[PDB]
Amino acid sequence: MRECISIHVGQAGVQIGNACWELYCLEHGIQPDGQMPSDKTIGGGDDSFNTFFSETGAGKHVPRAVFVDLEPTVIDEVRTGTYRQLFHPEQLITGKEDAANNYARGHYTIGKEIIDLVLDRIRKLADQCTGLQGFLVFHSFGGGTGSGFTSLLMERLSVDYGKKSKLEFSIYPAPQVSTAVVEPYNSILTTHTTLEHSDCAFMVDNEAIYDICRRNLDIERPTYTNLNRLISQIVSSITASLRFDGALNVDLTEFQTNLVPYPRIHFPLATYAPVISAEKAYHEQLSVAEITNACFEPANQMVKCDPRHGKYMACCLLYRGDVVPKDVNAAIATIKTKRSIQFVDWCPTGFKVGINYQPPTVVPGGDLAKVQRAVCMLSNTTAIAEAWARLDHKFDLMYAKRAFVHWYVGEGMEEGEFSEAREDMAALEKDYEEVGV
Amino acid sequence: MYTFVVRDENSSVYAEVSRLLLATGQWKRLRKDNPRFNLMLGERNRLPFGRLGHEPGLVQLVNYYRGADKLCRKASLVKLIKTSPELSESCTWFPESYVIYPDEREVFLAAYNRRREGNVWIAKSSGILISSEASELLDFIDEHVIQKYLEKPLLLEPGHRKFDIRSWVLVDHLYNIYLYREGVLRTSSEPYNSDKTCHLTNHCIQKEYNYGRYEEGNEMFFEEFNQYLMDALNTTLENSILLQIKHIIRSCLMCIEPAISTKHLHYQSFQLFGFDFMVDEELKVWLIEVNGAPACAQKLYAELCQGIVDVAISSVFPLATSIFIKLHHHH
Amino acid sequence: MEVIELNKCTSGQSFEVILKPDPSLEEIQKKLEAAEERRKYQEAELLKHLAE
Amino acid sequence: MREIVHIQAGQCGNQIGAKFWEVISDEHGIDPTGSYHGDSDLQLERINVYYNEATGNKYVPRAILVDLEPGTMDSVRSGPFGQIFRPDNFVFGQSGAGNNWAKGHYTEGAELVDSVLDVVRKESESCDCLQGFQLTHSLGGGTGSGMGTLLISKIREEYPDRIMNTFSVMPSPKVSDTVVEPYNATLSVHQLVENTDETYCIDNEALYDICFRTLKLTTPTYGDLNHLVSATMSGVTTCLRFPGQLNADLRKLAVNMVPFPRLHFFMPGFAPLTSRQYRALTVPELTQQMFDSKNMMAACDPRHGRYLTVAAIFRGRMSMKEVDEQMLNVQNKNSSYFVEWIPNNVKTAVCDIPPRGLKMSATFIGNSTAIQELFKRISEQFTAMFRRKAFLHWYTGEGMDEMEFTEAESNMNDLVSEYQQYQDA
Ligand SMILES: Nc1nc2c(ncn2[C@@H]2O[C@H](COP(=O)(O)OP(=O)(O)OP(=O)(O)O)[C@@H](O)[C@H]2O)c(=O)[nH]1
Ligand SMILES: Nc1ncnc2c1ncn2[C@@H]1O[C@H](COP(=O)(O)OP(=O)(O)CP(=O)(O)O)[C@@H](O)[C@H]1O
Ligand SMILES: Nc1nc2c(ncn2[C@@H]2O[C@H](COP(=O)(O)OP(=O)(O)O)[C@@H](O)[C@H]2O)c(=O)[nH]1
Ligand SMILES: [Ca+2]
Ligand SMILES: [Ca+2]
Ligand SMILES: [Ca+2]
Ligand SMILES: [Mg+2]
Ligand SMILES: [Mg+2]
Ligand SMILES: [Mg+2]
């Protein structure tokens with residue numbers, strides 16, 4: 001058994017973190033106080049759930065998580081929330097003034113003064129791990145702390161934990177819920193600085209989650225609570241292989257091996273189905289073939305894009321619920337003909353399939369209907385570069401007039417880092433083009 | 001009030017459509033780089049489809065299908081028919097063709113020797129050489145796809161001359177396939193000498209290398225062609241040719257529908273196509289090529305462009321007898 | 001269509017179907033201290049300006 | 001706790017400042033005695049931004065009152081909420097400034113600024129995490145204009161890393177006290193350009209027109225003008241005073257609204273402006289009124305320029321889904337008036353608690369290049385007198401020389417030019 005440590009940075013990461021650990025506790029039968037009746041090994045053990053939860057002599061299963069934010073209001077929700085008894089005070093770190101949607105403020109000004117405190121808290125959790133696989137970092141692209149402090153932390157983790165894997169769950173900015181006009185700057189600034197330090201990053205576009213909530217869940221104006229409950233489901237299906245008994249994606253290294261042949265192109269696209277409104281009195285239960293087919297509908301992807309006009313480098317299917325391999329193979333064969341699936345010649349044309357028999361867990365009183373089977377597909381397609389191009393175009397328009405640039409220079413950042421970050425993204429876009437067309 | 005942008009100043013068709021949109025008093029044209037648009041009359045090459053459908057509150061429509069180039073490239077079409085089961089290599093309405101990288105050289109030779117064992121081919125790409133010797137064609141490419149040359153074309157009389165048929169097809173966001181009622185024949189003013197002015201029916205060749213002697217601009221419209229078939233051959237355009245054209249159009253578009261459809265996509269697409277058909281002396285129709293950004297006959301600009309606004313643009317953005325034939329297909 | 005590496009357990013099973021055959025700590029400190037220096041220089045000029 | 005320190009200086013600044021605290025004190029349930037008597041937890045949520053807590057659960061505004069004559073400040077102490085202000089935070093002189101920028105900035109103000117900075121230091125010292133200051137003043141007089149900008153310069157020197165925000169009343173001949181107002185306004189604008197991060201430009205010309213044309217007030221008074229300003233000041237500070245996601249503090253507001261350091265002068269706007277009023281407005285009506293010039297209080301026409309950034313705040317129980325639709329409608333209908341090189345430069349916020357006496361309202365904050373018209377208007381009036389050196393003796397008698405006037409005019413002409421270049425980008 002090897003432990004995984006979760007790090008939540010900024011408002012988006014912290015609020016998403018709270019949603020996931022609510023789901024994790026439900027999935028593993030852990031009560032808010034931390035007690036776990038089904039765990040007969042009191043105060044110890046190397047079970048699968050021990051990857052994400054340590055145990056105390058009192059029998060409390062304490063998440064291997066640390067929450068960090070430059071403002072205290074969001075992490076104070078955890079301190080007094082339903083799962084307040086789950087975490088101990090050392091795990092929650094807050095400053096007094098935030099990065100003001102300014103990457104330079106989060107990275108240099110405020111980050112430099114708080115980084116050593118965060119690393120010291122992470123060291124406390126690391127020293128309690130017999131073998132540490134690596135870290136899972138949750139954060140927004142657009143926030144000043146989410147972008148600026150995360151890039152600093154990722155650099156330091158690569159120093160103090162060089163042989164450890166680092167995976168990302170990143171929130172891509174969307175104007176329908178965006179809070180700042182300079183988010184394109186921060187997204188590119190943090191992507192450039194973090195690119196060499198992340199082995200695998202899962203981008204979730206708030207645009208996609210927003211439309212899925214309005215359309216599938218009949219929510220007129222989705223809020224963060226709606227968005228995070230859905231996002232935690234996708235995160236749960238991604239991390240389930242680390243928390244349960246299984247043979248697929250059992251450690252963070254395997255995520256790199258199965259999904260990222262090219263180290264720079266480490267942004268798999270996630271497609272999830274079915275998303276069913278809980279308000280429906282009775283819901284038709286979709287079959288294995290039906291949900292597998294929905295994995296190739298753009299309307300169910302975490303990032304809006306058209307994989308039909310890209311190339312695949314790897315594809316993974318993660319099923320939860322009443323699924324048997326026979327039905328998966330039949331569904332794959334059917335789709336493999338009708339659907340437009342174009343791999344690259346330097347990769348095998350296949351699917352790595354994982355089935356967990358426990359069907360998805362629905363947070364009581366949530367918006368998602370309890371289904372009998374679900375699937376999340378992780379496909380490293382070049383189509384996801386459309387998200388980079390959209391972001392890069394907005395960066396170009398503002399940077400041609402140097403709009404808002406003075407805010408970053410005023411924090412000690414050199415203007416050259418803007419162009420240096422942009423050139424990297426241009427190189428990244430070229431890399432996708434060289435592999436997909 | 002609907003908004004649109006123009007990103008192809010060289011489009012004779014959508015320049016008229018742009019003129020019509022403003023003539024409705026309900027469409028506002030924006031700067032070519034303004035992203036808060038409803039309709040895009042985008043550029044032919046490198047159209048940023050990836051920036052479409054990401055504007056909250058804006059239904060965005062574009063006049064091109066992403067991926068439709070596969071059907072509108074000399075080699076892409078050749079490969080598409082061979083490797084597509086719906087079209088198959090046994091396709092009866094497409095001339096035997098091979099892709100030759102300056103590769104299917106070996107296969108082309110196998111058939112070429114089997115024929116000499118009519119053996120004339122035409123080499124073309126995106127400069128055309130018609131030769132009865134494989135050496136001349138193969139060398140020309142290296143100095144392209146080699147396609148069988150129809151040595152028995154149907155020749156109009158008087159004139160004993162070659163021609164081709166241009167069909168305009170509009171595909172809307174719902175993927176209905178519309179065929180404009182008015183077609184055009186691009187005849188060769190020179191008698192078919194089995195020099196290339198009589199073999200090549202291209203308008204520029206006729207107007208550059210007898211032009212206009214028989215029909216104005218070597219352009220014969222359907223009514224005259226239909227009357228000729230009734231007189232010369234005791235038949236109609238619909239029965240002898242038009243049924244084969246609608247079959248060919250539907251097959252090509254149905255084949256790629258799953259690849260280019262925008263049924264559940266964050267943006268919508270429509271596109272106008274130009275189909276080029278050859279007719280042999282047996283009254284069999286052959287597909288020559290598919291044009292992705294076609295022009296129109298001057299007499300037909302008004303009716304077609306208004307129809308484009310009607311079924312393609314006003315169907316998604318409504319204002320305050322159809323000229324098209326709806327080729328009824330299935331999902 | 002081939003199915004390989006089938007693993008079964010109580011919780012579930014997995015398989016594979018084939019359809020066709022860094023900067024040092026010192027360098028980070030320099031970056032952070034360089035930025036802090038530029039902030040200190042810009043503040044000093046402002047205070048110098050206000051002193052005038 | 002991110003606290004804001006409020007300063008109000010001079011006659012205009014203290015009358016508008018007093019009304020502002022009267023308005024928001026009601027919105028937070030704070031009565032004239034400093035006791036909370038509200039019913040919603042949202043009231044006390046972020047009360048610490050503007051109020052301190054005292055013995056007996058008393059809430060005391062974090063406000064400093066400054067003037068060179070006791071006249072106006074005596075009125076405040078006897079006004080509706082006079083007893084709510086901390087007596088120590090009253091700092092006043094006796095000479096007056098005689099509507100003279102030089103007196104407020106160089107001779108009479110200089111004698112009193114230090115005791116004001118001592119009060120500011122005392123409030124800041126007890127701030128958990130001070131975010132910055134907000135100043136209420138006029139630019140046309142002597143104390144608010146001349147001493148107010150002197151205070152800003154000294155506050156910036158002692159707190160160089162904090163945010164400086166002002167509400168600045170622009171003079172207009174239509175509502176004028178003396179002919180030297182353009183001189184005083186021009187001298188202050190340069191101070192503001194250099195030493196503030198956010199300035200709400202409140203034009204008395206616009207306030208008068210709204211009272212006369214829209215509100216149907218035949219003979220507007222300063223009280224009627226301040227009714228508009230109180231409502232505006234409440235709207236633009238909603239994002240700071242109640243829970244929310246957008247522009248929650250002064251620094252984030254600056255980052256979203258100020259693309260270039262010198263261009264930080266905002267056109268405020270309020271809807272509704274109904275005369276005599278029980279009829280509820282629809283979301284389409286609030287939005288269209290909010291973007292109409294007649295609802296804007298800077299006396300500039302937005303259609304004569306382009307918006308760099310826009311902030312909209314909706315208050316009351318309304319359809320948020322409909323609010324997004326209406327805001328998206330406005331931008332897409334008039335996309336020619338928003339610069340294309342700052343994508344998604346319109347940010348919308350909603351607050352459940354509506355202003356007193358209204359079921360819903362909309363507050364508009366725009367950084368438009370059309371504001372150059374307001375500075376052009378002042379520049380013309382300044383030059384008309386300065387070419388003949390008229391009324392300059394009032395200023396040279398206090399130690400100023402003509403060269404300082406020449407620079408101030410030149411600096412503002414540059415400001416207009418900078419606004420013009422970005423209007424053609
Ligand atoms: N999906 C989702 N997105 C969020 C959430 N909270 C914020 N965001 C997005 O995150 C971006 C803003 O970044 P934040 O994380 O809020 O900023 P921060 O990390 O706290 O950094 P600061 O600037 O210091 O406040 C915007 O694009 C928001 O849409 C959330 O709870 N769920
Ligand atoms: N396989 C073939 N057999 C017989 N004639 C052929 C032929 N391929 C082409 N042609 C003749 O040569 C002409 C030119 O062919 P082609 O279609 O390549 O020119 P083009 O691509 O420019 C048509 P357009 O001007 O519509 O784009 C055709 O119009 C036809 O008359
Ligand atoms: N809106 C408004 N403007 C005022 C008020 N009092 C004065 N003014 C304006 O402020 C300018 C005069 O400055 P004033 O505040 O009296 O000078 P000070 O006391 O030295 O700061 C003139 O342009 C007046 O029109 C007021 O109560 N409301
Ligand atoms: Ca145990
Ligand atoms: Ca590494
Ligand atoms: Ca004295
Ligand atoms: Mg924050
Ligand atoms: Mg062609
Ligand atoms: Mg006065």
Side-chain angles (χ1 to χ4, degrees), chain D residues 8 10-24 26 72 75-76 79-80 136-141 144 167-178 181-182 185 199-237 265-279 281 285-286 288-303 313 315 354-366 368 370-371 373-374 377-378 381:
Chain D
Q8 54 190 65
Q11 178 167 41
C12 179
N14 274 281
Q15 280 162 359
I16 286 181
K19 291 293 301 182
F20 167 74
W21 288 101
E22 172 179 7
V23 173
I24 78 170
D26 176 67
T72 298
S75 298
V76 175
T136 285
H137 66 153
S138 71
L139 307 185
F167 299 83
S168 298
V169 175
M170 310 303 175
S172 162
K174 317 305 172 295
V175 185
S176 184
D177 298 355
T178 69
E181 292 175 343
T199 283
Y200 295 96
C201 299
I202 305 177
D203 184 328
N204 264 8
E205 188 165 357
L207 296 181
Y208 182 85
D209 292 330
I210 291 173
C211 288
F212 185 84
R213 303 174 189 162
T214 305
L215 300 178
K216 293 307 175 187
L217 298 183
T218 299
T219 308
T221 75
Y222 275 131
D224 298 345
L225 278 45
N226 302 338
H227 167 75
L228 290 170
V229 186
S230 296
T232 302
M233 292 185 63
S234 179
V236 309
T237 62
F265 298 86
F266 299 159
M267 301 193 320
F270 186 81
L273 301 172
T274 294
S275 56
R276 294 176 178 86
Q277 53 171 152
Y278 314 104
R279 167 190 174 188
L281 292 71
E285 299 172 354
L286 267 187
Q288 181 168 349
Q289 301 188 25
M290 177 185 53
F291 280 94
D292 185 352
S293 64
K294 306 195 297 283
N295 290 68
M296 297 198 189
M297 300 165 192
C300 305
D301 188 0
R303 304 185 84 96
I313 303 83
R315 305 186 64 183
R356 178 55 76 109
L358 293 175
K359 294 307 176 65
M360 42 191 50
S361 63
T363 296
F364 172 95
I365 300 172
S368 171
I371 205 63
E373 294 185 327
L374 172 156
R377 186 179 56 82
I378 297 302
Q381 311 170 356

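So that the names make sense, note that chain A is the first sequence line, chain B the second, and so on, each numbered from 1.
- Of all heavy-atom pairs spanning D/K359 and D/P354, the tightest one is O-CB, 3.5 Å.
- Nearest heavy-atom pair across D/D203 and D/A299 is OD2-CB, 3.3 Å.
- Ring orientation note: the planes of D/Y200 and D/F167 are close to parallel, at an angle under 30° on the 30°/60° scale.
- Here CD1 of D/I202 is found 11.0 Å from OG of D/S138. Values are rounded to the nearest 0.5 Å.
- Taken from OG1 in D/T214 to CG in D/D209, the straight-line distance is 8.5 Å, to the nearest 0.5 Å.
- Contact of the D/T237 side chain with the D/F20 side chain is registered, since non-hydrogen atoms from C-beta on lie closer than 4.5 Å.
- Side chains of D/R315 and D/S234: a donor-acceptor N/O pair is present below 3.5 angstrom, by distance only.
- From D/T72, atom OG1 reaches atom CD of D/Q11 across 4.0 Å, with rounding to the nearest 0.5 Å.
- In terms of the side-chain hydrogen bond (donor to acceptor under 3.5 Å, both in side chains) criterion, residue partners of D/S176 (sequence neighbours excluded) are, by chain and number, D/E181.
- Atoms CD1 and OH, from D/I16 and D/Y222 in turn, are 10.0 Å apart once rounded to the nearest 0.5 Å.
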Does the pair D/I378 and D/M170 meet the rule for a side-chain contact (heavy atoms from CB on, under 4.5 Å), with working shown?
-> CA-CA 9 Å; D/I378 297 302; D/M170 310 303 175; 5.5 Å; no

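- Listed here is the closest heavy atom pair of D/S368 and D/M267: CB-CE, 4.0 Å.
- Remark: D/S230 pairs with no residue by the side-chain hydrogen bond (donor to acceptor under 3.5 Å, both in side chains) rule, at least two apart or across chains.
- The heavy-atom pair separating D/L281 from D/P272 by the smallest distance is CD2-CB, 3.3 Å.
- Minimum interatomic distance between D/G366 and D/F364 (heavy atoms only, all atoms of both residues): N-CE2, 3.5 Å.
- D/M360 is listed as a side-chain neighbour of D/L286, based on a closest heavy-atom distance under 4.5 Å.
- For D/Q288, the CD atom is loosely surrounded, since the number of other residues' heavy atoms within 6.0 Å does not exceed 12.
- One finds no salt bridge joining D/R303 and D/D301 here, because no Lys/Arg side-chain nitrogen approaches an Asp/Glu carboxylate oxygen to under 4.0 Å.
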Run the numbers on D/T274 and D/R279 for side-chain contact (heavy atoms from CB on, under 4.5 Å), then give the verdict.
-> CA-CA 9 Å; D/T274 294; D/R279 167 190 174 188; over 6 Å; no

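- Interatomic distance, NZ of D/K19 versus CG of D/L225, reported as 12.5 Å (0.5 Å rounding).
- Taken from OG in D/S275 to CD1 in D/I210, the straight-line distance is 13.0 Å, to the nearest 0.5 Å.
- Within the 4.5 Å cutoff, the side chain of D/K174 has no heavy atoms near those of the D/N204 side chain.
- Considering only heavy atoms from C-beta on, D/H137 stays 4.5 Å or farther from D/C12 through its side chain.
- Residues D/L273 and D/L228 form a side-chain contact, since some pair of their non-hydrogen atoms from C-beta on lies under 4.5 Å apart.
- Nearest approach of D/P302 to D/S293, heavy atoms of both residues: CD-CB, 3.9 Å.
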